[PDB]
């Protein structure tokens, strides 16, 4: 099994509703930590991490994010000047993380930055050079390519620190991080007009669900796509057009790595 530890940072312009800075941490598909510019502390979103991490962990994680908080705000002003934008609603985003592989394989890592939800700058870990598809990133790229300690440090995090803690998290959140199978329903709905296959309560989000008419695969099928529930699990509805009197047998087939064997359900 592949596993990941990823962080998502969002800086928003001082404005309505949303805190000026919000960061979230994920092990695989499960959110486990949160920080925002109102509370100004890194807090658990999972019990396993709350139980297994002492005062020093939360103290340090809070301090780290406190450094990130002003940084991104400064960024929004810097990039507005660079793009000659002067006001309005603006965003900075940062994505970084690592992936651990047992099947194979070479470990991966990434750090990606975005300005107003468009590619700003990111690191090529293999070449150890920063890439930018825009002119307003070039001046940052030239500074960041020079900065050895920054570059090697970031690389050390993605390849070393990130992987190491991910491994600790996988041990400490072991049962909590296990896949949970979908509970699936296959029933006539909307006054017997449509036949709907609904899978709910599954984790992680990734899922295959296909409909079959009398051993044949059904195209022209309607799907909500995977969407979150309230408890860290996910759901999906796939439905097709129907007749209640018809002779042909209908089946719904589900693939989820919480199943470990293909699951079929008949009408």
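Residue numbers count along the first chain shown, from 1.
- Between 216 to 224 and 41 to 49, the higher mean Cα B-factor belongs to 216 to 224.
- Comparing the deposited coordinates for 6 to 14 and 255 to 263, the stretch with the larger average C-alpha B-factor is 255 to 263.
- The maximum CA B-factor among the listed residues 113, 155, 168, 193, taken from the PDB record, is found at 193.
- For the set 122, 118, 151, 105, the maximum C-alpha B-factor listed in the entry falls on 105.
- Per the PDB record, residue ranking by Cα B-factor puts residue 240 in the highest third of the chain.
- In the deposited entry, the Cα temperature factor of residue 197 places it in the middle third of its chain's modelled residues.
- Among all modelled residues in its chain, residue 138 ranks in the highest third by Cα B-factor.
- Residue-level temperature factors show residue 179 in the middle third of its chain, judged at the C-alpha atom.
- Ranked against the other modelled residues of its chain, the C-alpha B-factor of residue 79 as given in the entry falls in the highest third.
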